[PDB]
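Protein chains in written order, with the authors' numbering: chain AAA, 2 to 334; chain BBB, 1 to 335.
Where a beta carbon is used, it is the ideal one built from N, C-alpha and C, also for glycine.
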Amino acid sequence: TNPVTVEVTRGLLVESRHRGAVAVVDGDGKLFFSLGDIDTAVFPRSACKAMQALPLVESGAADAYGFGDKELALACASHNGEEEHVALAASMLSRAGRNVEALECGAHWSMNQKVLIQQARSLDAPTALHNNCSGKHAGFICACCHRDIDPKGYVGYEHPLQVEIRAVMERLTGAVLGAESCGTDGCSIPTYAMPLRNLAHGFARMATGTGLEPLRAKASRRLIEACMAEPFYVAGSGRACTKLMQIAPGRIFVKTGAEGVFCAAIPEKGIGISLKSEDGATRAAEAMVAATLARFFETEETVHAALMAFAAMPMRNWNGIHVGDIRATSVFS
Amino acid sequence: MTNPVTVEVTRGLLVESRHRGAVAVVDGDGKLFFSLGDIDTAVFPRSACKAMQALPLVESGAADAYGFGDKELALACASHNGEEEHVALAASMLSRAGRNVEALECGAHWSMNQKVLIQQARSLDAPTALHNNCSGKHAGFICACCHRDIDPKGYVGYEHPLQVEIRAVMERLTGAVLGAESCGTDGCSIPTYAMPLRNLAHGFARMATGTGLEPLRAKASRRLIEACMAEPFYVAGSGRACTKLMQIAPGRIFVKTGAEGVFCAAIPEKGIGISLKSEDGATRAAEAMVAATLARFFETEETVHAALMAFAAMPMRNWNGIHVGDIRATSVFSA
Ligand SMILES: [Cl-]
Ligand SMILES: [Cl-]
Ligand SMILES: [Cl-]
Ligand SMILES: [Cl-]
Ligand SMILES: [Cl-]
Ligand SMILES: [Zn+2]
Ligand SMILES: [Zn+2]
Numbered sequence: 002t003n004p005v006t007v008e009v010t011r012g013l014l015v016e017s018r019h020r021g022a023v024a025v026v027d028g029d030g031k032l033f034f035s036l037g038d039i040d041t042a043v044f045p046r047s048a049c050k051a052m053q054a055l056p057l058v059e060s061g062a063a064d065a066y067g068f069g070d071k072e073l074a075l076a077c078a079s080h081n082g083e084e085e086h087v088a089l090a091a092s093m094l095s096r097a098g099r100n101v102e103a104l105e106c107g108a109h110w111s112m113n114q115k116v117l118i119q120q121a122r123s124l125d126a127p128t129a130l131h132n133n134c135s136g137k138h139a140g141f142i143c144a145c146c147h148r149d150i151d152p153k154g155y156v157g158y159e160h161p162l163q164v165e166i167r168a169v170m171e172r173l174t175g176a177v178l179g180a181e182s183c184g185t186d187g188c189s190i191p192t193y194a195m196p197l198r199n200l201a202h203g204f205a206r207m208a209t210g211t212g213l214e215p216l217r218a219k220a221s222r223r224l225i226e227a228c229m230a231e232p233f234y235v236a237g238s239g240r241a242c243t244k245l246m247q248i249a250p251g252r253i254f255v256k257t258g259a260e261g262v263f264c265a266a267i268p269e270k271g272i273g274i275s276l277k278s279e280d281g282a283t284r285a286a287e288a289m290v291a292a293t294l295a296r297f298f299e300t301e302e303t304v305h306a307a308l309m310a311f312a313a314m315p316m317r318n319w320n321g322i323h324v325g326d327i328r329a330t331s332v333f334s
Numbered sequence: 001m002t003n004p005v006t007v008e009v010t011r012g013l014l015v016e017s018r019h020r021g022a023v024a025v026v027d028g029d030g031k032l033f034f035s036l037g038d039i040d041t042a043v044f045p046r047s048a049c050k051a052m053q054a055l056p057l058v059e060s061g062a063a064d065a066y067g068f069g070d071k072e073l074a075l076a077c078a079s080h081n082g083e084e085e086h087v088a089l090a091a092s093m094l095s096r097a098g099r100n101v102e103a104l105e106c107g108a109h110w111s112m113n114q115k116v117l118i119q120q121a122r123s124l125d126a127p128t129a130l131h132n133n134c135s136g137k138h139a140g141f142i143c144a145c146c147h148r149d150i151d152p153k154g155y156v157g158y159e160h161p162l163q164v165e166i167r168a169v170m171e172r173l174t175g176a177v178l179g180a181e182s183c184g185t186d187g188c189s190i191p192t193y194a195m196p197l198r199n200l201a202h203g204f205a206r207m208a209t210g211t212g213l214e215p216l217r218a219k220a221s222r223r224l225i226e227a228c229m230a231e232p233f234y235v236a237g238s239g240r241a242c243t244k245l246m247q248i249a250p251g252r253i254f255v256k257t258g259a260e261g262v263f264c265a266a267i268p269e270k271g272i273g274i275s276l277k278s279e280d281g282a283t284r285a286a287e288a289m290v291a292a293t294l295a296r297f298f299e300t301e302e303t304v305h306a307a308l309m310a311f312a313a314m315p316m317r318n319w320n321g322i323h324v325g326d327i328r329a330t331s332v333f334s335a
């Protein structure tokens, strides 16, 4: 029965309240911090894209097509459909001998307002390349092509790619990922509900290598380093996931998920983080991931300060007037 | 007292996300017909109570002096998309008070509606104060001031005669105490007074019924509610919940959204007022919750009930158009 994790104030008062759950786990699976119910299956949605990109790396497809940090970042991305994202994804497909028509994710306008205005002014309609999951889906197609697997139907539950992804995520998290746990994601691929505890543990393991074979440990290390090295390619302009990974370069891994999921790691402390705003609000998940991270940087005041700017964000109206704050509650203390 | 789960968002076989909330349904006499959760704790009505804020426009006689039909009264009660028709009409309402866009103190922003925003972006460098979802309410405020020879400059300020009047009107409609402690600044820079959901609902029941109101306030309230139901495009716009909900049973259902997951409603013919809040402020929950609450009163009107249940239980389709799960008001709305 989940505690209030974020308050949203106006004048002297709380106007809105979010409840959520948080799991912080080390490489060995030891629990360092928890809020609310970390045992009920939650859909990680986009928060677990890095786990899904392991096939791209472990298959040798990354090395074969000359993917560096930018390409791997995109594979792990919910991007804004900025031209830089669109041209990188086209490039990943091109090097595999494919193009946009291979994408099975469908098209949508940026979920960033500033980026949508630019799209609206430069395009008649978005393409599948503008889909926030185009880099992941381009990873998928590249993984298939490299291995001589026809990418057609790569979204299918019993396509060999999704078979491999399910086995990989079972191994990382120790969760049972089958029909019971399964739903269709925004891009038409499977997403697998699992306890927050197991999702945090999966991330701790990618972060530490603990419990993984060398190949999976190495491929996990490359994916995380790539996201922290090219955080723009994970999200883009004005995005929480990009800015959070610019506070302490190379030290903090974060990834947003649809419906208020966040995953994080701090490799150097060997911890994985997962959390869920019960109502699925993004603003709550952002404030909660910042408050949770800040616990581990209390001794580093400029990093703590930067994190607290997301844990306690001012809101201004259309005239620029401060009206209240979105703030993580004292349960983070 | 903890708020019950009012809305579930499903994916595959599971609940993906849950919203908690509160609902009050009150008649003209203040009798409670239906409630969920805490309807006693102060909540900010935000734009949900624009119809009450429009009383000075009508009761001053400003609406009649400036030739306002149902469209102008609807816009005055509106959180509109900033479509061409809303922008022109706001501009007309100001023009009749001897004013223009510079008179507006609400500031500018791009459309609440994505499709309208794409249109705005393609045809404008930046939006003006006229494009602001509250520009009709603000044009009304300025017109009420100009008609009475009150200087509209600083019309947003707490002790400006308009704001003093709005507090007095809203205390009379709601029976709520609206002072400094309850006050916040709204998205449009005017005051917004947190009050119990029960008091908000009662205020709408009284506008809906005339019960407890002096003849002039009773008449002015009937005019505002009628205009909103007569011209629901002007209350919101293309694609909008508020417009579509008032096109289900033309002239019979009043609704209005508020920022942070508020809805207010009335069904004048059943003598009832409705208020509600998604505790987490989610629009999608408040929409599901107002549709389920309205549906309770139309169960034997199968076309209307079905049309309302299309908002209370709604399929989610992904970018490829595949059904992935539902946004559904829970069963506490049937019990
Ligand atoms: Cl996105
Ligand atoms: Cl392994
Ligand atoms: Cl650093
Ligand atoms: Cl003008
Ligand atoms: Cl009265
Ligand atoms: Zn996706
Ligand atoms: Zn307003």
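> Relative to the alpha-carbon of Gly258 of chain BBB, which residue among BBB:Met229, BBB:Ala129, BBB:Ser278 has its alpha-carbon at the smallest distance?
Replying inline: Cα-wise, what sits closest to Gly258 of chain BBB is BBB:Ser278.
> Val9 of chain BBB versus chain AAA: which residues are under 9 Å apart at the beta carbon?
Replying inline: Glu260, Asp280, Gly281
> By the 10 Å Cβ neighbour count, where 16 or more other Cβ atoms means buried, how is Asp40 of chain AAA classified, buried or exposed?
Replying inline: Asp40 of chain AAA comes out exposed.
> Does the beta-carbon distance from residue 338 of chain AAA to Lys71 of chain AAA come in below 7 Å?
Replying inline: Missing from the structure shown is residue 338 of chain AAA; chain AAA here goes from 2 to 334 and no further.
> Does any heavy atom of ligand 1 sit closer than 6 Å to the C-beta of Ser189 of chain AAA?
Replying inline: no
> DSSP on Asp27 of chain BBB, reduced to helix/strand/coil?
Replying inline: Residue state for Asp27 of chain BBB is assigned as strand, using DSSP reduced to three classes.
>> Give me the DSSP bridge partner(s) of residue 1 of chain AAA.
In response: This structure cannot settle anything about residue 1 of chain AAA, because the visible part of chain AAA is limited to 2 through 334.
>> Looking only at its chain, what residues have a beta carbon closer than 8 Å to the beta carbon of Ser182 of chain AAA, apart from the 5 residues adjacent to it on each side?
In response: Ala42, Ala176, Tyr193, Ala194, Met195
> Within 7 Å (strictly less), CB to CB, does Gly187 of chain AAA reach chain BBB?
Replying inline: yes
> By Cβ distance, which residues of its chain are closer than 6 Å to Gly82 of chain BBB, with the 5 residues on each side in sequence left out?
Replying inline: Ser111, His131.
> Ordered along the chain, which non-local residues of its own chain (more than five positions away) have a Cβ less than 7 Å from that of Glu165 of chain BBB?
Replying inline: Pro56
>> Please report the straight-line C-alpha distance between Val25 of chain BBB and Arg198 of chain BBB, rounded to a whole angstrom.
In response: 8 Å
> If we cut at 7 Å on Cβ distances, does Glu16 of chain AAA have a partner in chain BBB?
Replying inline: yes
> Should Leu213 of chain AAA be counted as a contact of ligand 2 given a C-beta to heavy atom distance under 6 Å?
Replying inline: yes
>> For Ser95 of chain AAA and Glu301 of chain AAA, what's the separation of their Cα atoms in angstroms?
In response: Note on geometry: alpha-carbon atoms of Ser95 of chain AAA and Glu301 of chain AAA lie some 44 Å from one another.
>> Could you compute how far the alpha carbon of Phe141 of chain AAA sits from the alpha carbon of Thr185 of chain AAA?
In response: Looking at the two C-alpha atoms, the distance is approximately 16 Å.
>> In this structure, how does DSSP classify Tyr193 of chain AAA when only helix, strand and coil are distinguished?
In response: strand
>> So for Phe68 of chain BBB, helix, strand or coil by DSSP?
In response: If DSSP states are grouped into helix, strand and coil, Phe68 of chain BBB belongs with coil.
> Using a beta-carbon distance cut-off of less than 9 Å, what residues from the region 111-130 of chain BBB approach chain AAA?
Replying inline: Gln114, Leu117, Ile118, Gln119, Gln120, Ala121, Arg122, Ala129
> Who sits around ligand 1, taking every residue whose Cβ is closer than 5 Å to one of its heavy atoms?
Replying inline: Having a Cβ closer than 5 Å to some heavy atom of ligand 1 are AAA:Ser79, AAA:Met112, AAA:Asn133.
> Any residues in the region 310-324 of chain AAA with a beta carbon nearer than 9 Å to a beta carbon of chain BBB? Which ones, in chain order?
Replying inline: For the region 310-324 of chain AAA, which is checked against every Cβ of chain BBB, the residues closer than 9 Å are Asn318, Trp319, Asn320, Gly321, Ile322, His323, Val324.
> What are the complete beta strand (DSSP E) segments, minimum 3 residues, inside the region 63-138 of chain BBB?
Replying inline: Annotation note: the region 63-138 of chain BBB contains no uninterrupted beta strand (DSSP E) run of length 3 or greater.
>> Pairs of beta-carbons, one from the region 149-162 of chain BBB and one from the region 15-33 of chain BBB, closer than 8 Å: are there three or more?
In response: no
> Going along the chain, which residues put their C-beta within less than 7 Å of some heavy atom in ligand 3?
Replying inline: AAA:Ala249, AAA:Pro250, AAA:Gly251, AAA:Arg252
>> Counting only Cβ pairs nearer than 7 Å, list the residues of chain BBB close to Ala194 of chain AAA.
In response: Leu14
> Under the criterion of a Cβ to heavy atom distance below 6 Å, does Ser135 of chain BBB qualify as lining ligand 7?
Replying inline: no
> For the candidate residues BBB:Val262, BBB:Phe311, BBB:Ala282, whose alpha-carbon lies nearest to that of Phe44 of chain BBB?
Replying inline: Residue BBB:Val262 is the option with its Cα nearest to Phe44 of chain BBB.
> Name the chain BBB residues whose beta carbon is nearer than 7 Å to that of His109 of chain AAA?
Replying inline: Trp319
>> Please identify the residue among BBB:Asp38, BBB:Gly237, BBB:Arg240, BBB:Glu269 whose C-alpha is closest to the C-alpha of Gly251 of chain BBB.
In response: BBB:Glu269
> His19 of chain BBB CB to nearest chain AAA CB: under 7 Å?
Replying inline: Interface residue, yes.
>> Checking 7 Å against the spacing of the C-beta atoms, do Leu276 of chain BBB and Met289 of chain BBB come in under that value?
In response: yes
> Mind listing, in chain order, the residues whose beta carbon lies closer than 6 Å to a non-hydrogen atom of ligand 4?
Replying inline: BBB:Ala91, BBB:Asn100, BBB:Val101
>> Rounding to the nearest angstrom, what Cα-Cα distance links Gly237 of chain AAA and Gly30 of chain AAA in this structure?
In response: 32 Å
> Is there at least one Cβ from chain AAA nearer than 7 Å to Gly184 of chain BBB's Cβ?
Replying inline: yes
>> Tell me the rounded alpha-carbon separation between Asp280 of chain AAA and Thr10 of chain BBB.
In response: 12 Å
> Where DSSP assigns a beta bridge to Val15 of chain BBB, which residues make up the other side?
Replying inline: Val15 of chain BBB is bridged by DSSP to BBB:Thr10.
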